[PDB]
Amino acid sequence: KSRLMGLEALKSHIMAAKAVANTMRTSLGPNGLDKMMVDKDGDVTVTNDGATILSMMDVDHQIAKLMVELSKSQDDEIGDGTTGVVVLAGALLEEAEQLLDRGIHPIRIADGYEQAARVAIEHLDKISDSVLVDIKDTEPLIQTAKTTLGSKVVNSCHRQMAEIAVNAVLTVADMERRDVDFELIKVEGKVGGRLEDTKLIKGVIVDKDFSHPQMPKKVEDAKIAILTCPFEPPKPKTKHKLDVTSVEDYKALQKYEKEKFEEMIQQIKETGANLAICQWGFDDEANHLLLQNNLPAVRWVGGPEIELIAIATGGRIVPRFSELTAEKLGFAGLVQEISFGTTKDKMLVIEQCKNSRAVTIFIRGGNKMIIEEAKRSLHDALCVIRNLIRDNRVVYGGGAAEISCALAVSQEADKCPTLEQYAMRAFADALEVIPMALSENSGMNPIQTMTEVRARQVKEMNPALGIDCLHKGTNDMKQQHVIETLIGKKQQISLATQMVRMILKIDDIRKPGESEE
Amino acid sequence: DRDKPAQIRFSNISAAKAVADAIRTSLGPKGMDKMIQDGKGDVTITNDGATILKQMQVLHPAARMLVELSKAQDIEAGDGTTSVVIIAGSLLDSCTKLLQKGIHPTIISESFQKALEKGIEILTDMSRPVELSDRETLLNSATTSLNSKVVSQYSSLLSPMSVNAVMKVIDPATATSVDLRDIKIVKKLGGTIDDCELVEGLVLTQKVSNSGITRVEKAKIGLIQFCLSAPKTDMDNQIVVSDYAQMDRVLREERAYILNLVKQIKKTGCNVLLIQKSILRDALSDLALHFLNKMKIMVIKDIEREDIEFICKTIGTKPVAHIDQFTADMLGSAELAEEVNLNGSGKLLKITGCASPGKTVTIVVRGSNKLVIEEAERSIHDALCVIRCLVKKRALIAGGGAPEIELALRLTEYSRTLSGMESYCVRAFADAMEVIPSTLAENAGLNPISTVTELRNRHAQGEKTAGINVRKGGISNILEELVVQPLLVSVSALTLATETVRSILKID
């Protein structure tokens with residue numbers, strides 16, 4: 001191989017980030033442009049999301065792999081904050097290289113950013129450190145999900161999605177725990193729905209429906225049979241399927257499968273559960289016997305999902321048929337197969353209200369994109385909203401804070417005799433590309449755009465107003481309501497600057513080539 | 001498109017910028033001499049950018065401007081001509097940046113002489129005014145500036161001679177600009193630098209008299225802008241060339257005419273007669289002059305018609321093409337007209353006292369040899385320049401590139417306070433300052449990026465509590481070691497490059 005160091009890999013570092021960041025900065029925010037990206041599979045994927053662009057790319061260098069993975073943290077953490085943490089991380093390389101080109105040792109410049117990254121997250125802290133609860137936040141949450149839902153250019157009427165994200169996150173991620181929890185959110189949805197059709201179903205909705213319409217379409221409260229028992233082919237880990245080759249071999253195959261399921265559907269109904277949800281669900285033959293014994297019950301369920309009806313419903317667990325008892329049953333508030341107005345999206349709700357241990361957002365859309373549109377819309381809303389539900393901390397974004405952060409540090413730079421003022425400068429100097437690149441996606445002069453806000457930030461001494469993130473002509477982060485969790489505003493910084501630092505401490509590269517992913 | 005000009009500009013940019021660095025190697029005396037092959041194919045070793053500009057040069061247009069970059073600063077302050085080249089490439093970098101940023105070269109330009117007006121104030125804010133009316137203050141200061149410079153030995157001796165010759169061309173308490181205009185620097189081959197002397201009427205080349213009085217007091221100074229030779233009808237002579245007989249009667253004509261005009265000279269009269277060269281004439285008949293000094297007029301012959309223009313203005317002997325233009329009118333009245341052959345070699349007509357416009361000051365340069373003569377010539381001129389630096393621009397400032405370290409950080413924030421899309425411009429504008437002391441810090445040797453970072457704080461703190469201090473070449477108060485410069489060398493350096501860049505920015 002070759003050890004590639006000095007400007008050699010320093011290029012291989014500064015090289016990869018630029019191709020990466022730019023499609024992201026051209027896709028940056030709502031003004032960010034929607035990029036069709038087609039696989040080697042020949043499949044169009046339109047990506048205005050840097051993370052989705054990151055999900056779409058893997059660019060060859062180890063950092064370009066990690067940058068895809070970098071946003072995923074804040075994408076998991078904060079939701080929104082995916083694109084900005086990367087696009088600026090490459091701008092530091094621009095900054096830093098010139099700074100090394102200024103002769104400033106790489107570890108010197110490497111350190112000053114993080115060194116100046118304090119005020120970066122620290123100046124943010126001063127904007128809104130506020131905290132509110134669910135019914136309070138729901139207005140800031142929809143106000144933030146004005147931006148976050150609209151970050152996918154779908155917020156319209158979707159305060160429905162915001163408001164169901166309000167009560168979704170607090171349920172799963174408590175304001176007091178201050179621990180990230182999306183796990184008990186049950187992501188659910190189906191193609192063919194609407195953006196305007198979206199639901200938060202506090203219980204679990206199973207795809208399967210009643211085995212017959214002749215059997216009632218309502219199972220009463222509770223009394224659900226949670227079981228692993230075969231009513232169709234069992235499908236274990238490994239067994240080979242042999243069929244019947246004879247006339248005398250065919251007849252008895254029908255009798256036995258009738259004889260056991262009756263007793264089983266009996267015993268289940270005799271166990272006293274009026275919905276049998278079986279980890280191995282019903283064949284079409286078990287359905288009529290279920291109708292013979294006249295019990296409402298569910299067909300094939302995913303293996304762990306029968307646990308998902310054990311956890312979410314508060315029903316104490318019976319693993320299998322052999323153990324059937326009336327004490328441990330599945331619970332449901334109300335069992336209904338529900339059509340939302342698009343029968344293309346049709347679910348049987350196992351309804352949870354009193355004990356709901358998995359909250360279920362149900363998202364809808366006409367196409368695979370449109371759900372995913374609403375999905376990544378609300379999910380990134382969901383996380384910022386989660387961030388805001390724990391502590392409702394916002395800032396006036398889109399570079400209005402980046403300028404105001406660029407004041408202190410670049411100022412504070414020269415306050416210090418230390419070499420890192422140049423870094424601190426270039427630190428505070430690297431901040432402002434976001435409104436710049438935004439104004440470019442916003443289709444305006446990016447250069448005055450930043451300074452328009454600093455002219456404000458002179459006057460303002462605070463982000464409130466800003467430039468146009470929505471291209472709607474009102475220059476605001478305030479009445480335009482560019483409002484996002486100040487947490488995730490600080491998450492981009494620490495992730496961007498400290499990753500680049502770790503990228504910067506390594507100019508030492510053993511690869512067969514220069515940039516190897 | 002103007003891209004092709006931008007390319008051109010970038011190419012001009014490409015040319016001019018690498019050129020400015022070559023002087024950045026020579027920036028300061030701590031900056032290093034540069035060996036130069038010429039058409040002679042021989043080495044030329046100078047720390048002097050101005051010559052390195054001139055001496056071997058490319059006539060590339062961007063390079064063509066950069067000689068006048070210094071050559072202005074050459075004629076502006078007489079000094080600081082390295083810096084004005086060292087200020088060049090600093091913005092030339094930043095200007096391409098803005099160009100690379102896509103900033104419009106007008107806007108680039110437009111942002112600068114604007115912000116230049118800002119910087120000079122803060123620059124002047126750093127500055128300390130000295131007393132231009134006081135001869136000794138300047139005699140202390142420009143000396144200290146000479147002490148801030150290399151040339152001392154004669155400059156020490158020649159500081160009083162400079163400052164006095166200056167103080168003699170200082171009428172004003174402002175001391176105006178102290179034009180070197182009124183100064184005539186004369187050299188005499190004999191003598192020593194001690195025999196360099198300030199003379200209050202013009203020391204004139206040689207003297208020329210046949211029977212003419214050796215030294216005439218109260219001298220009416222004539223000038224001949226008229227031809228003393230009889231008109232030339234054949235070669236030089238009023239004769240025509242055919243035979244011996246017909247010409248001798250018009251040989252008689254060449255006779256009387258050259259004498260009469262000569263007679264007419266002393267008949268309207270002069271005690272001294274300025275005579276330019278006879279090549280600076282059509283022709284001047286010597287048989288006339290043979291009779292003209294025979295009229296016992298003190299005379300000089302063969303003087304520069306340009307020095308005449310100096311003589312005309314300084315001692316008030318005005319251009320005379322006519323006997324009528326002799327009365328006393330265009331004739332300077334020279335109290336003592338004599339040539340001094342003394343102190344070794346050389347003879348120079350020395351006007352001692354005169355009727356003269358302004359205070360006419362000529363300085364003799366005598367030296368142990370020609371080279372000794374040559375060496376004190378800058379000595380005065382150096383002093384004379386840092387004088388005409390500081391008398392012209394009153395406020396004194398210390399040298400050592402510190403004010404740049406001081407001004408950058410401020411103009412960066414002033415840029416920010418100015419804000420606007422032009423902030424980045426004025427930012428990059430402000431960002432061209434440290435570059436000069438930066439290379440200078442290497443020129444003394446340092447890491448400026450390490451060192452200038454700190455003075456920048458020092459110059460954030462006291463605005464100057466320290467500065468790159470030439471002997472130290474590093475952080476310390478430059479006012480403490482007294483490395484000092486008039487604002488003129490600074491200020492005169494600013495507008496040129498910026499403007500010249502402001503030029504090349506609009507220039508296609």
# chains A, B, ... in the order shown; residues from 1 in each chain; ligands from 1
>>> residues_around(residues="residue 73 (chain A)", least_positions_apart="4", cutoff="12 Å", atoms="only C-alpha atoms", output="PDB file with N, CA and C atoms, in the first residue's frame")
ATOM      1  N   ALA A  51     -29.608  13.600   4.376  1.00  0.00           N
ATOM      2  CA  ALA A  51     -29.545  12.259   4.948  1.00  0.00           C
ATOM      3  C   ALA A  51     -30.035  11.216   3.955  1.00  0.00           C
ATOM      4  N   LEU A  66     -18.574   7.905   6.938  1.00  0.00           N
ATOM      5  CA  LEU A  66     -18.914   8.365   8.275  1.00  0.00           C
ATOM      6  C   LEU A  66     -19.819   9.589   8.254  1.00  0.00           C
ATOM      7  N   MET A  67     -19.704  10.448   7.237  1.00  0.00           N
ATOM      8  CA  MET A  67     -20.614  11.585   7.131  1.00  0.00           C
ATOM      9  C   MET A  67     -22.046  11.131   6.887  1.00  0.00           C
ATOM     10  N   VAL A  68     -22.239  10.145   6.008  1.00  0.00           N
ATOM     11  CA  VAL A  68     -23.539   9.486   5.912  1.00  0.00           C
ATOM     12  C   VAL A  68     -23.996   9.046   7.295  1.00  0.00           C
ATOM     13  N   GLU A  69     -23.068   8.489   8.071  1.00  0.00           N
ATOM     14  CA  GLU A  69     -23.385   8.000   9.406  1.00  0.00           C
ATOM     15  C   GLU A  69     -23.432   9.139  10.417  1.00  0.00           C
ATOM     16  N   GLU A  77     -31.086  11.312  16.775  1.00  0.00           N
ATOM     17  CA  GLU A  77     -31.235  12.263  17.868  1.00  0.00           C
ATOM     18  C   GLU A  77     -32.298  13.299  17.552  1.00  0.00           C
ATOM     19  N   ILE A  78     -31.972  14.213  16.649  1.00  0.00           N
ATOM     20  CA  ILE A  78     -32.734  15.431  16.464  1.00  0.00           C
ATOM     21  C   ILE A  78     -33.687  15.330  15.283  1.00  0.00           C
ATOM     22  N   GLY A  79     -33.599  14.268  14.489  1.00  0.00           N
ATOM     23  CA  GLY A  79     -34.302  14.381  13.229  1.00  0.00           C
ATOM     24  C   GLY A  79     -33.600  15.441  12.411  1.00  0.00           C
ATOM     25  N   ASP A  80     -34.290  16.553  12.166  1.00  0.00           N
ATOM     26  CA  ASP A  80     -33.699  17.680  11.457  1.00  0.00           C
ATOM     27  C   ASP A  80     -32.355  18.057  12.069  1.00  0.00           C
ATOM     28  N   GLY A  81     -31.468  18.568  11.222  1.00  0.00           N
ATOM     29  CA  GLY A  81     -30.052  18.649  11.527  1.00  0.00           C
ATOM     30  C   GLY A  81     -29.211  17.657  10.754  1.00  0.00           C
ATOM     31  N   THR A  82     -29.791  16.971   9.768  1.00  0.00           N
ATOM     32  CA  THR A  82     -29.046  15.992   8.986  1.00  0.00           C
ATOM     33  C   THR A  82     -28.103  16.673   8.001  1.00  0.00           C
ATOM     34  N   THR A  83     -28.614  17.650   7.252  1.00  0.00           N
ATOM     35  CA  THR A  83     -27.863  18.187   6.122  1.00  0.00           C
ATOM     36  C   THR A  83     -26.794  19.173   6.580  1.00  0.00           C
ATOM     37  N   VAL A  85     -25.020  19.574   9.349  1.00  0.00           N
ATOM     38  CA  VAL A  85     -23.846  19.110  10.081  1.00  0.00           C
ATOM     39  C   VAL A  85     -22.762  18.642   9.115  1.00  0.00           C
ATOM     40  N   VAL A  86     -23.160  18.131   7.952  1.00  0.00           N
ATOM     41  CA  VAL A  86     -22.195  17.675   6.958  1.00  0.00           C
ATOM     42  C   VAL A  86     -21.689  18.841   6.122  1.00  0.00           C
ATOM     43  N   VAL A 180     -33.725   9.406  25.032  1.00  0.00           N
ATOM     44  CA  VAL A 180     -34.328   9.285  23.714  1.00  0.00           C
ATOM     45  C   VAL A 180     -35.093   7.972  23.640  1.00  0.00           C
ATOM     46  N   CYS A 383     -38.655  13.980  16.064  1.00  0.00           N
ATOM     47  CA  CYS A 383     -37.451  14.031  16.884  1.00  0.00           C
ATOM     48  C   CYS A 383     -37.195  15.429  17.435  1.00  0.00           C
ATOM     49  N   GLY A 488     -30.738  20.424  18.766  1.00  0.00           N
ATOM     50  CA  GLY A 488     -30.188  19.967  17.499  1.00  0.00           C
ATOM     51  C   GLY A 488     -29.363  21.020  16.792  1.00  0.00           C
ATOM     52  N   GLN A 491     -26.384  20.225  18.141  1.00  0.00           N
ATOM     53  CA  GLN A 491     -25.938  18.890  17.766  1.00  0.00           C
ATOM     54  C   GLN A 491     -25.141  18.920  16.470  1.00  0.00           C
ATOM     55  N   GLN A 492     -25.587  19.707  15.487  1.00  0.00           N
ATOM     56  CA  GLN A 492     -24.780  19.909  14.289  1.00  0.00           C
ATOM     57  C   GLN A 492     -23.365  20.359  14.618  1.00  0.00           C
ATOM     58  N   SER A 494     -21.341  20.244  17.546  1.00  0.00           N
ATOM     59  CA  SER A 494     -20.495  19.250  18.196  1.00  0.00           C
ATOM     60  C   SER A 494     -20.206  18.080  17.268  1.00  0.00           C
ATOM     61  N   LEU A 495     -21.212  17.634  16.518  1.00  0.00           N
ATOM     62  CA  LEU A 495     -20.976  16.556  15.566  1.00  0.00           C
ATOM     63  C   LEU A 495     -20.064  17.009  14.434  1.00  0.00           C
ATOM     64  N   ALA A 496     -20.356  18.161  13.826  1.00  0.00           N
ATOM     65  CA  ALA A 496     -19.540  18.621  12.707  1.00  0.00           C
ATOM     66  C   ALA A 496     -18.108  18.908  13.139  1.00  0.00           C
TER      67      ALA A 496
END
>>> select_by_dssp(residues="region 269-459 of chain B", states="strand (DSSP E)", output="MDAnalysis selection string")
chainID B and resid 272:275 298:299 332:340 348:352 361:366 395:398
>>> residues_around(residues="region 120-135 of chain B", least_positions_apart="4", cutoff="8 Å", atoms="only C-alpha atoms", output="list in words")
residues 116, 139, 141, 163, 164, 167, 172, 173, 174, 175, 390, 391, 394, 395, 396, 397, 398, 403, 407, 463, 464, 487 and 491 of chain B
>>> interface_residues(of="chain B", to="chain A", cutoff="9 Å", atoms="only C-alpha atoms", output="ChimeraX atom specification")
/B:101,103,409,413,416-424,449-458,460-461
>>> select_by_dssp(residues="region 140-237 of chain A", states="alpha helix (DSSP H)", output="PyMOL selection string")
chain A and resi 140-151+159-172
>>> write_last_selection(atoms="N, CA and C atoms", output="mmCIF file, in the first residue's frame")
data_model
loop_
_atom_site.group_PDB
_atom_site.id
_atom_site.type_symbol
_atom_site.label_atom_id
_atom_site.label_comp_id
_atom_site.auth_asym_id
_atom_site.auth_seq_id
_atom_site.Cartn_x
_atom_site.Cartn_y
_atom_site.Cartn_z
ATOM 1 N N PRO A 140 -45.890 25.414 20.200
ATOM 2 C CA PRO A 140 -44.534 25.447 19.629
ATOM 3 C C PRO A 140 -44.186 24.216 18.816
ATOM 4 N N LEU A 141 -44.721 23.045 19.164
ATOM 5 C CA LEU A 141 -44.432 21.852 18.375
ATOM 6 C C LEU A 141 -45.046 21.951 16.990
ATOM 7 N N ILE A 142 -46.309 22.378 16.895
ATOM 8 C CA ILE A 142 -46.858 22.604 15.562
ATOM 9 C C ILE A 142 -46.165 23.793 14.913
ATOM 10 N N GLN A 143 -45.827 24.821 15.702
ATOM 11 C CA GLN A 143 -45.049 25.942 15.180
ATOM 12 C C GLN A 143 -43.673 25.491 14.711
ATOM 13 N N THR A 144 -43.045 24.571 15.442
ATOM 14 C CA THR A 144 -41.815 23.980 14.931
ATOM 15 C C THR A 144 -42.124 22.977 13.831
ATOM 16 N N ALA A 145 -43.285 22.322 13.907
ATOM 17 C CA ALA A 145 -43.678 21.422 12.831
ATOM 18 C C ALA A 145 -44.389 22.170 11.717
ATOM 19 N N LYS A 146 -44.548 23.491 11.860
ATOM 20 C CA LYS A 146 -44.633 24.332 10.673
ATOM 21 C C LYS A 146 -43.363 24.185 9.850
ATOM 22 N N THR A 147 -42.196 24.277 10.495
ATOM 23 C CA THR A 147 -40.939 24.159 9.759
ATOM 24 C C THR A 147 -40.550 22.701 9.505
ATOM 25 N N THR A 148 -40.672 21.832 10.515
ATOM 26 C CA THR A 148 -40.125 20.480 10.377
ATOM 27 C C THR A 148 -40.957 19.640 9.420
ATOM 28 N N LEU A 149 -42.278 19.648 9.594
ATOM 29 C CA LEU A 149 -43.131 19.013 8.599
ATOM 30 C C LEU A 149 -42.933 19.651 7.237
ATOM 31 N N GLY A 150 -42.910 20.976 7.192
ATOM 32 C CA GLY A 150 -42.638 21.698 5.975
ATOM 33 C C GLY A 150 -41.230 21.558 5.460
ATOM 34 N N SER A 151 -40.310 21.022 6.262
ATOM 35 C CA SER A 151 -38.965 20.739 5.781
ATOM 36 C C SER A 151 -38.962 19.731 4.641
ATOM 37 N N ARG A 159 -50.593 19.935 10.855
ATOM 38 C CA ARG A 159 -50.681 20.081 12.301
ATOM 39 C C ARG A 159 -51.368 18.879 12.930
ATOM 40 N N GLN A 160 -52.228 18.200 12.166
ATOM 41 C CA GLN A 160 -52.614 16.836 12.496
ATOM 42 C C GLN A 160 -51.389 15.972 12.785
ATOM 43 N N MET A 161 -50.403 15.970 11.880
ATOM 44 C CA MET A 161 -49.195 15.179 12.102
ATOM 45 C C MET A 161 -48.382 15.741 13.257
ATOM 46 N N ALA A 162 -48.239 17.064 13.308
ATOM 47 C CA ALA A 162 -47.566 17.694 14.436
ATOM 48 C C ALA A 162 -48.227 17.317 15.755
ATOM 49 N N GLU A 163 -49.543 17.518 15.857
ATOM 50 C CA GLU A 163 -50.249 17.262 17.106
ATOM 51 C C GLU A 163 -50.246 15.789 17.485
ATOM 52 N N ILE A 164 -50.204 14.881 16.508
ATOM 53 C CA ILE A 164 -50.067 13.477 16.873
ATOM 54 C C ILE A 164 -48.617 13.163 17.211
ATOM 55 N N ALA A 165 -47.675 13.963 16.703
ATOM 56 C CA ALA A 165 -46.288 13.839 17.138
ATOM 57 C C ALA A 165 -46.087 14.438 18.522
ATOM 58 N N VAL A 166 -46.893 15.440 18.877
ATOM 59 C CA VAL A 166 -46.850 15.997 20.224
ATOM 60 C C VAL A 166 -47.056 14.901 21.257
ATOM 61 N N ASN A 167 -48.145 14.148 21.118
ATOM 62 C CA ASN A 167 -48.513 13.185 22.146
ATOM 63 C C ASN A 167 -47.833 11.842 21.908
ATOM 64 N N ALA A 168 -47.207 11.674 20.742
ATOM 65 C CA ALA A 168 -46.467 10.443 20.489
ATOM 66 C C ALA A 168 -45.155 10.425 21.259
ATOM 67 N N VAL A 169 -44.392 11.520 21.196
ATOM 68 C CA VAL A 169 -43.054 11.522 21.782
ATOM 69 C C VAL A 169 -43.125 11.478 23.303
ATOM 70 N N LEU A 170 -43.959 12.328 23.910
ATOM 71 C CA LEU A 170 -44.057 12.342 25.366
ATOM 72 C C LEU A 170 -44.442 10.974 25.901
ATOM 73 N N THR A 171 -45.393 10.315 25.240
ATOM 74 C CA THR A 171 -45.713 8.933 25.572
ATOM 75 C C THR A 171 -44.451 8.087 25.644
ATOM 76 N N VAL A 172 -43.756 7.947 24.516
ATOM 77 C CA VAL A 172 -42.569 7.105 24.457
ATOM 78 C C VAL A 172 -41.349 7.722 25.130
#
>>> residues_around(residues="residue 427 (chain A)", least_positions_apart="6", cutoff="8 Å", atoms="only C-alpha atoms", output="ChimeraX atom specification")
/A:92,95,112-113,116-117,406,409-410
>>> write_last_selection(atoms="N, CA, C and O atoms", output="mmCIF file, in the first residue's frame")
data_model
loop_
_atom_site.group_PDB
_atom_site.id
_atom_site.type_symbol
_atom_site.label_atom_id
_atom_site.label_comp_id
_atom_site.auth_asym_id
_atom_site.auth_seq_id
_atom_site.Cartn_x
_atom_site.Cartn_y
_atom_site.Cartn_z
ATOM 1 N N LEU A 92 -15.192 23.533 6.863
ATOM 2 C CA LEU A 92 -14.027 23.613 7.737
ATOM 3 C C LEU A 92 -12.764 23.184 7.004
ATOM 4 O O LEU A 92 -11.728 23.850 7.101
ATOM 5 N N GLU A 95 -11.835 26.032 5.001
ATOM 6 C CA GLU A 95 -11.190 26.869 6.005
ATOM 7 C C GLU A 95 -9.825 26.310 6.388
ATOM 8 O O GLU A 95 -8.798 26.964 6.182
ATOM 9 N N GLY A 112 -8.723 24.593 17.223
ATOM 10 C CA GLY A 112 -9.391 25.865 17.447
ATOM 11 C C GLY A 112 -10.878 25.844 17.163
ATOM 12 O O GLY A 112 -11.647 26.546 17.827
ATOM 13 N N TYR A 113 -11.306 25.058 16.170
ATOM 14 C CA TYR A 113 -12.733 24.928 15.900
ATOM 15 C C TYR A 113 -13.485 24.444 17.131
ATOM 16 O O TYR A 113 -14.342 25.160 17.663
ATOM 17 N N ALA A 116 -13.432 26.814 19.657
ATOM 18 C CA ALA A 116 -14.418 27.863 19.444
ATOM 19 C C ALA A 116 -15.826 27.287 19.363
ATOM 20 O O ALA A 116 -16.812 28.035 19.373
ATOM 21 N N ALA A 117 -15.943 25.957 19.299
ATOM 22 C CA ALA A 117 -17.261 25.335 19.221
ATOM 23 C C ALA A 117 -18.048 25.530 20.504
ATOM 24 O O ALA A 117 -19.263 25.306 20.526
ATOM 25 N N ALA A 406 -21.286 33.892 14.671
ATOM 26 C CA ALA A 406 -20.062 34.321 14.006
ATOM 27 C C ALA A 406 -19.538 35.619 14.605
ATOM 28 O O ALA A 406 -18.336 35.897 14.540
ATOM 29 N N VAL A 409 -17.347 34.581 18.375
ATOM 30 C CA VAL A 409 -16.103 33.833 18.188
ATOM 31 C C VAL A 409 -15.095 34.641 17.382
ATOM 32 O O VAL A 409 -13.984 34.918 17.848
ATOM 33 N N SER A 410 -15.463 35.014 16.154
ATOM 34 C CA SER A 410 -14.549 35.779 15.311
ATOM 35 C C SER A 410 -14.073 37.034 16.026
ATOM 36 O O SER A 410 -12.900 37.408 15.932
#
>>> atom_distance(atom1="CA of residue 177 (chain A)", atom2="CA of residue 84 (chain A)")
27.9 Å
>>> closest_atom_pairs(of="region 284-375 of chain B", to="region 189-204 of chain B", cutoff="10 Å", atoms="only C-alpha atoms", output="tab-separated table")
residue	atom	partner	partner_atom	distance
B:300	CA	B:204	CA	8.3
B:303	CA	B:204	CA	8.3
B:307	CA	B:204	CA	9.2
B:308	CA	B:204	CA	9.9
B:310	CA	B:202	CA	9.4
B:311	CA	B:202	CA	7.3
B:314	CA	B:202	CA	8.0
B:315	CA	B:201	CA	6.8
B:334	CA	B:201	CA	7.6
B:335	CA	B:201	CA	8.8
B:336	CA	B:201	CA	8.5
B:337	CA	B:201	CA	8.8
B:338	CA	B:203	CA	9.1
B:339	CA	B:204	CA	7.8
B:340	CA	B:203	CA	9.1
B:341	CA	B:190	CA	8.6
B:342	CA	B:190	CA	7.6
B:343	CA	B:191	CA	4.5
B:344	CA	B:190	CA	4.0
B:345	CA	B:190	CA	4.0
B:346	CA	B:189	CA	5.1
B:347	CA	B:189	CA	8.5
B:348	CA	B:204	CA	5.2
B:349	CA	B:204	CA	4.4
B:350	CA	B:203	CA	4.1
B:351	CA	B:201	CA	4.4
B:352	CA	B:201	CA	5.0
B:353	CA	B:201	CA	5.4
B:354	CA	B:201	CA	5.9
B:355	CA	B:201	CA	8.8
B:356	CA	B:201	CA	7.9
B:359	CA	B:200	CA	7.5
B:360	CA	B:200	CA	5.6
B:361	CA	B:200	CA	4.7
B:362	CA	B:199	CA	5.0
B:363	CA	B:198	CA	4.0
B:364	CA	B:197	CA	4.8
B:365	CA	B:196	CA	4.2
B:366	CA	B:196	CA	4.6
B:367	CA	B:192	CA	3.5
B:368	CA	B:192	CA	4.4
B:369	CA	B:189	CA	6.7
B:370	CA	B:189	CA	6.2
B:371	CA	B:189	CA	9.7
B:372	CA	B:193	CA	7.1
B:373	CA	B:193	CA	6.8
B:374	CA	B:193	CA	9.8
B:375	CA	B:193	CA	9.0
>>> residues_around(residues="region 52-69 of chain B", least_positions_apart="5", cutoff="9 Å", atoms="only C-alpha atoms", output="JSON, numbers by chain")
{"B": [9, 11, 12, 13, 14, 15, 16, 17, 19, 20, 22, 23, 34, 36, 37, 38, 39, 44, 45, 46, 47, 74, 81, 84, 85, 88, 493, 496, 497, 500, 504]}
>>> residues_around(residues="residue 508 (chain A)", least_positions_apart="4", cutoff="12 Å", atoms="only C-alpha atoms", output="mmCIF file with N, CA and C atoms, in the first residue's frame")
data_model
loop_
_atom_site.group_PDB
_atom_site.id
_atom_site.type_symbol
_atom_site.label_atom_id
_atom_site.label_comp_id
_atom_site.auth_asym_id
_atom_site.auth_seq_id
_atom_site.Cartn_x
_atom_site.Cartn_y
_atom_site.Cartn_z
ATOM 1 N N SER A 2 0.257 2.376 0.354
ATOM 2 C CA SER A 2 0.989 3.622 0.500
ATOM 3 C C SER A 2 0.478 4.409 1.698
ATOM 4 N N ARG A 3 1.412 4.874 2.523
ATOM 5 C CA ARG A 3 1.112 5.850 3.559
ATOM 6 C C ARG A 3 1.048 7.209 2.891
ATOM 7 N N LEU A 4 -0.129 7.813 2.914
ATOM 8 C CA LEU A 4 -0.383 9.036 2.176
ATOM 9 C C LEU A 4 -0.697 10.138 3.169
ATOM 10 N N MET A 5 0.228 11.081 3.299
ATOM 11 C CA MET A 5 0.156 12.092 4.337
ATOM 12 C C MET A 5 0.579 13.424 3.746
ATOM 13 N N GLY A 6 0.668 14.422 4.594
ATOM 14 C CA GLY A 6 0.797 15.791 4.111
ATOM 15 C C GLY A 6 -0.414 16.160 3.271
ATOM 16 N N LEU A 7 -0.239 17.100 2.345
ATOM 17 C CA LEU A 7 -1.367 17.532 1.531
ATOM 18 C C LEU A 7 -1.996 16.369 0.771
ATOM 19 N N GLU A 8 -1.236 15.285 0.574
ATOM 20 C CA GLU A 8 -1.747 14.114 -0.136
ATOM 21 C C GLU A 8 -3.119 13.702 0.373
ATOM 22 N N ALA A 9 -3.189 13.199 1.605
ATOM 23 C CA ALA A 9 -4.477 12.788 2.146
ATOM 24 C C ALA A 9 -5.297 13.991 2.579
ATOM 25 N N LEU A 10 -4.626 15.071 2.990
ATOM 26 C CA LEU A 10 -5.338 16.303 3.312
ATOM 27 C C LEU A 10 -6.233 16.730 2.162
ATOM 28 N N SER A 12 -7.316 14.221 -0.008
ATOM 29 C CA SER A 12 -8.230 13.086 0.076
ATOM 30 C C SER A 12 -9.258 13.287 1.178
ATOM 31 N N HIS A 13 -8.895 14.052 2.206
ATOM 32 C CA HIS A 13 -9.887 14.507 3.167
ATOM 33 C C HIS A 13 -10.749 15.612 2.567
ATOM 34 N N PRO A 106 -1.673 21.535 11.089
ATOM 35 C CA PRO A 106 -3.004 20.913 11.066
ATOM 36 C C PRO A 106 -3.641 20.707 12.427
ATOM 37 N N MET A 502 -11.540 14.859 14.503
ATOM 38 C CA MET A 502 -11.074 13.483 14.431
ATOM 39 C C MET A 502 -10.635 13.134 13.019
ATOM 40 N N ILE A 503 -11.265 13.750 12.023
ATOM 41 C CA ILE A 503 -10.771 13.639 10.658
ATOM 42 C C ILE A 503 -9.434 14.356 10.534
ATOM 43 N N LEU A 504 -9.268 15.450 11.280
ATOM 44 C CA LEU A 504 -8.077 16.279 11.132
ATOM 45 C C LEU A 504 -6.869 15.673 11.834
ATOM 46 N N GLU A 514 -5.718 6.735 -2.255
ATOM 47 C CA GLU A 514 -5.939 7.908 -1.410
ATOM 48 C C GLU A 514 -7.199 7.854 -0.559
ATOM 49 N N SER A 515 -8.396 7.872 -1.140
ATOM 50 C CA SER A 515 -9.641 7.868 -0.388
ATOM 51 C C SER A 515 -10.356 6.534 -0.551
#
